[PDB]
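Enquirer: Please see the structure below; I have some questions.
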Amino acid sequence: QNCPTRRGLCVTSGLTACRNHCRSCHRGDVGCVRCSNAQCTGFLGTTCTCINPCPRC
């Protein structure tokens with residue numbers, strides 16, 4: 001799709017990839033959205049998360 005789902009970007013691609021995916025159109029919880037910034041999360045930083053706002057795209 002033009003807005004796929006990715007969350008493993010902090011496992012090897014690094015925070016830079018998590019920040020580029022959150023600033024691009026990606027799959028949200030109910031539809032595709034894009035956000036302003038990002039950070040890595042999880043017990044070992046093995047997850048990617050975006051920062052609001054997150055308007056439609």
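Each chain of the structure tokens is named A, B, ... in the order shown, its residues numbered from 1; ligands are numbered from 1 in display order.
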Pick out each residue of chain A that DSSP on the backbone tags as helix (DSSP H, G or I); I need them as a PyMOL selection string.
Expert: chain A and resi 8-10+15-22
Enquirer: Please, could you write that set of residues out with N, CA and C atoms as a compact mmCIF listing (two decimals), in the first residue's frame?
Expert:
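Final output, saved to selection_24.txt:
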```
# COMPACT_ATOMS: atom_id res chain seq x y z
N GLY A 8 9.05 -2.17 13.53
CA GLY A 8 10.34 -2.77 13.86
C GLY A 8 11.51 -1.88 13.45
N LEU A 9 11.25 -0.61 13.12
CA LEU A 9 12.26 0.30 12.60
C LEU A 9 13.34 0.62 13.62
N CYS A 10 13.09 0.37 14.91
CA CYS A 10 14.06 0.64 15.96
C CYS A 10 14.90 -0.60 16.29
N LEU A 15 16.56 4.99 14.91
CA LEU A 15 15.56 6.01 15.17
C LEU A 15 15.33 6.87 13.92
N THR A 16 16.34 7.02 13.07
CA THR A 16 16.22 7.82 11.86
C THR A 16 15.16 7.23 10.92
N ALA A 17 15.03 5.90 10.90
CA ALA A 17 14.04 5.25 10.06
C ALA A 17 12.66 5.35 10.69
N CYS A 18 12.59 5.33 12.02
CA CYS A 18 11.34 5.47 12.75
C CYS A 18 10.81 6.90 12.60
N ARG A 19 11.72 7.87 12.47
CA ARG A 19 11.36 9.28 12.34
C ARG A 19 10.91 9.59 10.91
N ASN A 20 11.48 8.87 9.94
CA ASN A 20 11.11 9.06 8.54
C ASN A 20 9.77 8.37 8.23
N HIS A 21 9.46 7.27 8.93
CA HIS A 21 8.22 6.56 8.72
C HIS A 21 7.05 7.30 9.37
N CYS A 22 7.31 7.94 10.51
CA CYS A 22 6.27 8.70 11.20
C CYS A 22 5.98 10.02 10.48
```
Enquirer: Using only C-alpha atoms, determine which residues lie at most 6 Å from segment 33-47 of chain A, disregarding the query and same-chain residues fewer than 2 positions distant; provide the list as a PyMOL selection string.
Expert: chain A and resi 7-8+10-11+19+22-26+28+49-57
Enquirer: Please produce a file of those selected residues containing N, CA, C and O atoms, as a compact mmCIF listing (two decimals), in the first residue's frame.
Expert:
```txt
# COMPACT_ATOMS: atom_id res chain seq x y z
N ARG A 7 6.76 -1.14 12.48
CA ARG A 7 7.02 -0.83 13.89
C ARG A 7 8.38 -1.35 14.35
O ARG A 7 8.83 -1.01 15.44
N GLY A 8 9.05 -2.17 13.53
CA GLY A 8 10.34 -2.77 13.86
C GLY A 8 11.51 -1.88 13.45
O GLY A 8 12.65 -2.33 13.43
N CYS A 10 13.09 0.37 14.91
CA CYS A 10 14.06 0.64 15.96
C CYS A 10 14.90 -0.60 16.29
O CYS A 10 15.73 -0.55 17.20
N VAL A 11 14.70 -1.71 15.57
CA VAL A 11 15.42 -2.95 15.84
C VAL A 11 16.76 -2.98 15.11
O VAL A 11 17.70 -3.61 15.60
N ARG A 19 11.72 7.87 12.47
CA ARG A 19 11.36 9.28 12.34
C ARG A 19 10.91 9.59 10.91
O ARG A 19 10.07 10.45 10.71
N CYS A 22 7.31 7.94 10.51
CA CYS A 22 6.27 8.70 11.20
C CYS A 22 5.98 10.02 10.48
O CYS A 22 4.89 10.55 10.63
N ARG A 23 6.94 10.54 9.70
CA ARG A 23 6.73 11.76 8.93
C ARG A 23 6.17 11.46 7.55
O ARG A 23 5.78 12.38 6.83
N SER A 24 6.12 10.18 7.17
CA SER A 24 5.52 9.73 5.93
C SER A 24 4.15 9.13 6.21
O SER A 24 3.83 8.84 7.37
N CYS A 25 3.33 8.94 5.18
CA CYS A 25 2.01 8.36 5.35
C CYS A 25 2.14 6.88 5.69
O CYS A 25 2.77 6.13 4.96
N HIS A 26 1.54 6.46 6.81
CA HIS A 26 1.61 5.08 7.27
C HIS A 26 0.28 4.66 7.88
O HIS A 26 -0.60 5.50 8.10
N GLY A 28 -2.43 3.82 10.50
CA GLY A 28 -2.77 4.19 11.87
C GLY A 28 -3.62 3.10 12.52
O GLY A 28 -3.62 1.96 12.06
N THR A 49 7.51 4.34 17.65
CA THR A 49 6.28 5.05 17.99
C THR A 49 6.35 6.49 17.48
O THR A 49 7.42 7.09 17.46
N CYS A 50 5.20 7.04 17.07
CA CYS A 50 5.13 8.38 16.51
C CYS A 50 4.65 9.40 17.55
O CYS A 50 4.10 9.03 18.58
N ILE A 51 4.86 10.69 17.26
CA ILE A 51 4.50 11.78 18.15
C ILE A 51 3.42 12.66 17.51
O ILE A 51 3.52 13.00 16.34
N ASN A 52 2.40 13.01 18.29
CA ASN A 52 1.29 13.82 17.81
C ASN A 52 1.73 15.26 17.54
O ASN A 52 2.75 15.69 18.07
N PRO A 53 0.99 16.02 16.72
CA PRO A 53 -0.22 15.63 16.01
C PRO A 53 0.03 14.55 14.95
O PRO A 53 1.17 14.32 14.55
N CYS A 54 -1.04 13.89 14.51
CA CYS A 54 -1.00 12.85 13.49
C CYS A 54 -2.22 12.98 12.55
O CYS A 54 -3.10 12.12 12.58
N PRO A 55 -2.27 14.03 11.72
CA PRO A 55 -3.35 14.26 10.77
C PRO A 55 -3.41 13.19 9.69
O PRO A 55 -2.49 12.37 9.55
N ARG A 56 -4.50 13.18 8.91
CA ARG A 56 -4.71 12.21 7.84
C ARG A 56 -3.73 12.43 6.69
O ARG A 56 -3.11 13.48 6.58
N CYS A 57 -3.62 11.42 5.82
CA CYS A 57 -2.76 11.46 4.65
C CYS A 57 -3.27 10.52 3.56
O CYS A 57 -2.88 10.72 2.39
```
Enquirer: Apply DSSP to the structure's backbone, then extract all residues of segment 3-57 of chain A labelled strand (DSSP E) and return them as a PDB file with C-alpha atoms, in the first residue's frame.
Expert:
```pdb
ATOM      1  CA  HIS A  26       1.609   5.077   7.271  1.00  0.00           C
ATOM      2  CA  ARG A  27      -1.133   2.836   8.690  1.00  0.00           C
ATOM      3  CA  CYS A  32      -3.629   5.974   7.387  1.00  0.00           C
ATOM      4  CA  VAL A  33      -2.048   9.051   9.012  1.00  0.00           C
ATOM      5  CA  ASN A  37       8.064  13.325  15.143  1.00  0.00           C
ATOM      6  CA  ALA A  38       8.958   9.880  16.557  1.00  0.00           C
ATOM      7  CA  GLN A  39      10.802   7.934  19.271  1.00  0.00           C
ATOM      8  CA  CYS A  40      11.775   4.328  20.027  1.00  0.00           C
ATOM      9  CA  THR A  41       9.868   2.367  22.701  1.00  0.00           C
ATOM     10  CA  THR A  47       9.599  -0.778  18.850  1.00  0.00           C
ATOM     11  CA  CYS A  48       8.888   2.450  16.933  1.00  0.00           C
ATOM     12  CA  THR A  49       6.280   5.048  17.992  1.00  0.00           C
ATOM     13  CA  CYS A  50       5.132   8.384  16.513  1.00  0.00           C
ATOM     14  CA  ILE A  51       4.501  11.782  18.154  1.00  0.00           C
TER      15      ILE A  51
END
```
